[PDB]
Amino acid sequence: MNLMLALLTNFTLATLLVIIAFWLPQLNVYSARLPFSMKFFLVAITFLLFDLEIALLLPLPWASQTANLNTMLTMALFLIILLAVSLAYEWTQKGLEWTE
Amino acid sequence: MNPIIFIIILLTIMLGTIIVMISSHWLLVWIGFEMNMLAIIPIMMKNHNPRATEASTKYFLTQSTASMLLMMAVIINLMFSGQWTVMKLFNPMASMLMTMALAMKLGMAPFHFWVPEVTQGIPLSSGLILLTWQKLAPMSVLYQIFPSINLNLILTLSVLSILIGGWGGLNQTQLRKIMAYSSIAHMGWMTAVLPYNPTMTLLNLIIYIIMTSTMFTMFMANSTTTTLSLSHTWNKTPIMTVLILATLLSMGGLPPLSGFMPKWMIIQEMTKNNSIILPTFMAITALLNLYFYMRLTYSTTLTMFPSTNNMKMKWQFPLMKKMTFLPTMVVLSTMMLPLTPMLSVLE
Amino acid sequence: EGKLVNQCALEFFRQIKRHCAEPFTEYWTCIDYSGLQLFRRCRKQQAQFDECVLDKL
Amino acid sequence: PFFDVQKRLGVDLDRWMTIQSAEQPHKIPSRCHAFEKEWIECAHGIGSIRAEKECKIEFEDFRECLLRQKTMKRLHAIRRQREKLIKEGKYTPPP
Amino acid sequence: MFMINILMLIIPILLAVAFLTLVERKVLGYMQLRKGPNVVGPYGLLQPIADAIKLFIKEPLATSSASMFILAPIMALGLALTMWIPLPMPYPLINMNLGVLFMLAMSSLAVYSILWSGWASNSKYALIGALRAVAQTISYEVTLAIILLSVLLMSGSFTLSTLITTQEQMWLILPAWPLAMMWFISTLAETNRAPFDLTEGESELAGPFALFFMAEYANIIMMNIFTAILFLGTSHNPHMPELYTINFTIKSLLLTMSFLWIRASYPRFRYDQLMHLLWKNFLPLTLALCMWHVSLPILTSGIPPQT
Amino acid sequence: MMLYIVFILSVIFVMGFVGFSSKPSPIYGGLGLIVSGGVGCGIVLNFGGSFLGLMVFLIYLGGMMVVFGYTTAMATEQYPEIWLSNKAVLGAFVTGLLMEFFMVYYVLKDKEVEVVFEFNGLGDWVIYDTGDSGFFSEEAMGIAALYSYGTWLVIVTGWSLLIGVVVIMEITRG
Amino acid sequence: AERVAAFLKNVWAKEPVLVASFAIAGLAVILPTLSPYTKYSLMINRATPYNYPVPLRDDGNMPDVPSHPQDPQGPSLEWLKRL
Amino acid sequence: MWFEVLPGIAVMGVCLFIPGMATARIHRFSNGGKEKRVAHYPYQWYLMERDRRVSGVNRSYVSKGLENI
Amino acid sequence: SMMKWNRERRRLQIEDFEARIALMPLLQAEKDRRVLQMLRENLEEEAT
Amino acid sequence: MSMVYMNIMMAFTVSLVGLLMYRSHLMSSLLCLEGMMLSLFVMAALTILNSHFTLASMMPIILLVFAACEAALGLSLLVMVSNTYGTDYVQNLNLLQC
Ligand SMILES: CCCCCCCCCCCCO[C@@H]1O[C@H](CO)[C@@H](O[C@H]2O[C@H](CO)[C@@H](O)[C@H](O)[C@H]2O)[C@H](O)[C@H]1O
Ligand SMILES: CCCCCCCCCCCCO[C@@H]1O[C@H](CO)[C@@H](O[C@H]2O[C@H](CO)[C@@H](O)[C@H](O)[C@H]2O)[C@H](O)[C@H]1O
Ligand SMILES: CCCCCCCCCCCCO[C@@H]1O[C@H](CO)[C@@H](O[C@H]2O[C@H](CO)[C@@H](O)[C@H](O)[C@H]2O)[C@H](O)[C@H]1O
Ligand SMILES: CCCCCCCCCCCCO[C@@H]1O[C@H](CO)[C@@H](O[C@H]2O[C@H](CO)[C@@H](O)[C@H](O)[C@H]2O)[C@H](O)[C@H]1O
Ligand SMILES: N=C(N)NC(=N)NCCc1ccc(I)c(Cl)c1
């Protein structure tokens, strides 16, 4: 209940601050493609794919508690190396360049 | 495409299929389809044109929808049995959803509309993969879940595909669309016999793949995508016209050629189960396919169509395309009937 | 068997009360203050209780 | 599997997650572990055609543990009857 | 009782933000051989109040979609306050078992306020500026998440108060100063602070404005509080919790003041150059250090406890 | 009552789905999916899925849906059409909204309902597990097991993500 | 070898960030196999008792199984205390 | 001079001291003068709920010792 | 320094976990009776 | 079944009907596809959590990861379509009619 109360308070207050911010006494009586750039799209997609790999690494602090450490360490490094290979491929294919 | 990347993408297409075929867990089956679909899109797009982009998008939407329905069937199956083992499903609603999902992936009627359009819009080599290798993974799942499949649903899908495939091919002059509708009809034979003898499904699938690969390879050797273009073959590679004639008659199911064998054995298995009306209806309906196979033979081999003057320039250069395995594939496509009892290896 | 578990525990705590009531009370009050009830925050008091039970029991 | 490579090589690629009564981290059992175990052991090795008929009792019990339909229905009945009697003042519940 | 506690967090956060604007102006001023605000109240102590009143009685000067024009500042300010509720100082308002993940999850939502306000700007050029800002923010989210995971492999859990225990004997900045360096820079880039203040840079080449400003400056304080806990752990004495709060406040103030110090010291990055700093420099090192910090506890037998 | 919190969240879940499924401007459709994602996390949280719930926020909302909105602003819609101004969208939205309310009314009135299939209506709390006193999170133990039991899952998943990078660079090079 | 050192000096001059990344990543892969302490990580994890140690029914032929926690038989953690 | 920057820093520091100091004192007030009980895992929640029943007043932070034996 | 402290933290966790193991039989004995008492109480009301 | 399954199953059906009844924007149909995934994630998580199927706790994450990768591919196709015609309208993807 406490977290729900905290969230409701934070955003309820934010709503109220926006309210009075827009309405105070004034005292007066009188879908195309946005110049599409492919490079910014690939940044977003690259972030997504790296974000999914981060999702796979987040369990690592718990995984280190296993007795199967031989398997666990090998798979942890394997995942990170494959992430590095992804970066290396994008790098060498000019995917990190902002010219042209 | 970089040649090394093309190899790795081809291997990923194969790996996704292999994962589906070796998995005992439903999640891994789903992963195999996801990986396979991811790797095939780049070879649909490789020639970079609006038609190839439309085909890749139409393909993506169909396969993604089918994979969502498959995951639904898996999750419903988990709820009602508490396990993921790849086998019979434990809930009739799950069975219908998986059957419909796999029918969509195979392009069976009435989920067939994408097959002619996607095949037309991609290169011949990509269409070769689409209409042969891609049938392996869904058919291997159907091989394992068939005990729980609704008999009326599967036989209705089969009958519709044989009719739609047969009728759809009659109106085609594009070779890729002829192969697409031919593929739809042949899928119907494969699923019609599956409830009775899955072994005969495997036999039909293997032979279909062999003849389909032969035809695509022969189209690729001459860069022919239309009937009229194929009609110039006699004035360039006369041997090729004879091979095309023999292969088409085999795909028509004419004895004594290899393509008679799957239809012959499916009719046997269905009659052993007192199914007489259905096999007879299927065999007569397959005459539609024979008609538009015969039409191609008339314009390719049994008559000489008009030529062009610039064709003479082609007489001075040899075929340099790989035509890999073509001599073996054509002989298997036509001359295998005397070895029919060898089907027991598939048992 | 569950009832015997209860009887053994009650007799266990009756022996602490008889002999080491005061050192034990200081010890578990020290534990009770911590939000995680940590042993490592109470080593002095644990030592007094440990020495009392060893001496008298 | 269509090709049972796992059994041929003895490698466990995905069998470990197929059923809930398999080995779990820190021996954490599933809620229906005993029902799954009984059903699996009843049906083992006889084939699904036979098991559908001969292991129906174990499977019906297992499905009850999984989705708890009969239990919820029975509770629905007792609660519905209790509301009726209280609405008629014929029943007072204890503390 | 709990509602009082929430307000004893919300109100001081907004007051701290107000007076950070004064501290920033005066610290920058003295580094520039001048004074900064010193007329509006003694030593400028009423300057934030005058600025706040002024902005709120200013004319509130068409949106392309009213719902998103109002959503963007509510999201920004609401999310910013939410990031504070799991912070242990030393006791959190909400004690989350996965508090670190919660902060990571909530911070990833903050980019929607940028996106929504760009959509509501009704201007092609403001939408493009918003998309450039979003690309920067998500780029530096990558290293922040990986750096955080690397540190937690020494702490053992996603609970923020466990970082206190992990640093009972020693600050984590000593075993992890290479990560501390990239973490600190990543926070600057994440908050669009100089030399990564490209939204205000590239742009020039009332109440609603104030609300976005409060959200950003609350995030700046919060990020430096997070940095203090992550790398400069203060010792907690359960019988004298105020001792922790004093020491931990001083560290957070100094870290915040170093944000101002850095603004005063360097020119701005080009957009492509700050992208290369991330994708070609920080990310390679972060990946290598993530592998290293996975291996290190195992190879030293220094794996922390799960609990 | 708070005892029906999961059901109430599930009701909101459906309305958000009717929101974007009637397909207004993709700007608003994206908003409807974000609200459903947050509500979907809340449902998962109340079943003990703390880590799973936060992954929806971190990955589904903070990653995938951010990229969806980024792409929408860049290649689909830059200015949203007024919500429900289209007749089909308004009709589809109203049609789905009424179906949900009729479902919710009956299940709450009778504490059960048959919408094609039979659903109990006593509250999802009734099926919960009655014994739990372990010193760990079972969800965390299961997820952590990916690195000990799920070697094969890691290999195929990691490979697919690498091919995702390779494939997308091929697709977009044109 | 000399060609190896010349290559390393070149990258050290032009790309020290990448050189450091690869060196750190190489140490992470290699050092666990060379470390005498890696074996204790396995032992400490196994020694942490998450669930209850269910006792065995005594059949009279288990001289290696302790009867009481403070009896000498059974695993000892003395190696862990001194660590 | 630079030390005229301090008054603004002092106000900021007092504003950031209040949340932590308020939470700690509110916890003691609400939990019988002790730290608020942490229950991140089912075992700790089980003990806290058992404490509530044993307390006799429905307060998990009211402790009973050997006086109840 | 981190290796030494984390090793001590592992020893402190084991001691905490062993305290739980000592108490588990008593808690299990109580949980059984509480569950059976509740089921028995639910049974009296069903009969009525 | 439990009461929650009604609405979660309904949500999938709503998004499935949304996906099968296209309008104009291809993006709108992609959102329905990701809505389907979301309802699948929630239903799978609920089943796995409630049954205490410990090792299956990772399955919703795998589903999320692969489905996000599929969505990334779909978004790439959408931008390529948008580059060709200037909109993501599905009525433009009708060349293969003939
Ligand atoms: C592109 C693919 C990249 C894949 C990269 C994979 C890299 C893997 C490198 C290290 C893998 C093994 O790493 C480490 O090796 C030593 C070898 O003594 C193992 O052995 C060590 O730990 C085990 C515990 O399991 C002890 O029994 C043993 O006495 C000890 O020496 C470790 O258990 C293992 O953690
Ligand atoms: C296309 C990619 C080609 C590369 C193919 C690589 C295949 C790699 C297969 C990895 C799995 C190998 O086989 C499997 O390995 C792990 C350890 O490693 C073992 O798993 C072991 O650890 C966990 C923890 O309990 C459990 O699964 C089990 O208790 C134990 O056996 C399996 O018992 C073994 O069957
Ligand atoms: C943070 C709490 C602060 C509490 C302060 C409470 C004070 C309430 C009295 C506010 C008086 C504001 O005074 C008024 O503000 C509005 C702001 O647009 C100004 O502007 C207004 O008037 C001008 C013409 O004069 C109009 O063209 C304009 O559209 C209108 O906005 C006025 O020129 C100013 O006279
Ligand atoms: C194409 C639609 C796509 C959207 C799909 C929407 C989700 C569908 C959810 C299906 C889950 C319900 O599935 C259904 O549940 C009931 C509950 O007992 C089962 O049970 C029902 O039929 C069997 C018949 O022997 C008996 O149990 C009983 O008569 C009846 O209760 C059904 O056998 C099962 O098919
Ligand atoms: N960037 C600075 N430090 N100076 C500055 N002019 N800040 C903006 C001024 C401001 C905005 C909102 C509020 I509420 C307050 Cl009180 C003050």
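As stated in the entry header, the method of structure determination is cryo-EM and the reported resolution is 2.3 Å.

The name given to chain H in the PDB entry is NADH dehydrogenase [ubiquinone] 1 alpha subcomplex subunit 1, with the source organism recorded as Bos taurus. The UniProt entry for chain H carries this comment under Function: "Accessory subunit of the mitochondrial membrane respiratory chain NADH dehydrogenase (Complex I), that is believed not to be involved in catalysis. Complex I functions in the transfer of electrons from NADH to the respiratory chain. The immediate electron acceptor for the enzyme is believed to be ubiquinone." One UniProt comment on chain H, placed under Sequence similarities, says "Belongs to the complex I NDUFA1 subunit family."

Under the PDB entry, the name given to chain G is NADH dehydrogenase [ubiquinone] 1 alpha subcomplex subunit 3, and the source organism is Bos taurus. The UniProt entry for chain G carries the following text under Subunit: "Complex I is composed of 45 different subunits."

So, on to the state of the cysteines. Residue and element names in this part refer to chain D. Scanning the entire structure with this criterion turns up three disulfides over all chains. Across the disulfide from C42 sits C55; the S-S distance is 2.0 Å. Its torsion about the S-S bond being -100 degrees, the disulfide of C42 and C55 is classed as left-handed. Taken together, the residues span a long stretch of sequence, with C42 in helix α2 (residues 33-43) and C55 in the loop between α3 (48-54) and α4 (56-67) at a distance of 13 residues. A relative accessible area of 1% means that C55 is categorised as buried.

The subject of this paragraph is the site of ligand 4. Taken together, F80, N91, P92, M93, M96 and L97 of chain B, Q69 of chain D, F117 of chain F together with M1, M9, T13 and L16 of chain J make up the full set of residues adjacent to ligand 4. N91 of chain B is positioned with one of its side-chain polar atoms (N or O) 3.4 Å from an oxygen atom of ligand 4. Relative to its free-state accessible area of 770 Å², ligand 4 is covered by the protein chains to the extent of 59%. Taken together, the elements giving at least two residues each to the shell around ligand 4 come down to α4 (92-106) of chain B together with α1 (3-20) of chain J. Per-element accounting of the shell around ligand 4 gives the leading share, four residues, to α4 of chain B. Residue composition of the shell around ligand 4, grouped by class: nine nonpolar, three polar and no charged.

As a further point, take the site of ligand 1. With respect to spatial proximity, the complete set of residues near ligand 1 consists of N70, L73, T74, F78 and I81 of chain A together with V29, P32, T33, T38, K39 and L42 of chain G. Neighbouring residues of ligand 1 are not confined to a single chain but are spread across chains A and G. Here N70 of chain A contributes a side-chain N or O atom positioned 2.9 Å from an oxygen atom of ligand 1. For ligand 1, whose accessible area on its own is 770 Å², the fraction buried by protein is 63%. Sorting the residues of the shell around ligand 1 by element identifies α4 (69-92) of chain A together with α2 (16-34) and α3 (38-46) of chain G as the ones contributing at least two each. Element by element, the count of residues in the shell around ligand 1 is highest for α4 of chain A, at five residues. Its residues assigned to classes, the shell around ligand 1 shows six nonpolar, four polar and one charged.

Okay, helix α3 (residues 66-82) of chain E next. Under the 1.5 Å per step criterion, the end-to-end length of α3 of chain E is 24 Å for 17 residues, consistent within 8% with the ideal 24 Å. Of all the 17 residues making up α3 of chain E, twelve are buried; the element is thus mostly covered by neighbouring parts of the structure. Of all the residues in α3 of chain E, the buried ones are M68, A72, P73, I74, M75, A76, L77, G78, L79, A80, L81 and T82 of chain E. Buried-residue contacts for α3 of chain E involve α1 (2-22) of chain A, α1 (2-31), α4 (99-109), α5 (111-120) and α10 (207-231) of chain E together with α2 (26-45) of chain F.

Conventions and cut-offs
Residues numbered from 1 in each chain as written, not as in the entry; some residues may be left out. Chains lettered and ligands numbered in written order. Part of a larger assembly, values for the part shown. Heavy atoms only, no water. UniProt positions renumbered as here; feature names shortened; annotations may be inferred. Disulfide = S-S within 2.5 Å. Helix = DSSP H or I, 4+ residues; strand = E, 2+ residues; numbered from the N terminus. Buried < 20%, exposed > 50% of the residue type's maximum accessible area, 1.4 Å probe, protein only. Near = heavy atom within 4 Å. Polar contact = N/O pair within 3.5 Å; in protein donor to acceptor, adjacent residues only side chain to side chain. Areas by Shrake-Rupley, 256 points an atom, 1.4 Å probe, with all protein chains shown as cover. Nonpolar A, V, L, I, M, F, W, Y, C, P; charged D, E, K, R; others polar. Expected span 1.5 Å × (residues − 1). Contact = heavy atoms within 4.5 Å.

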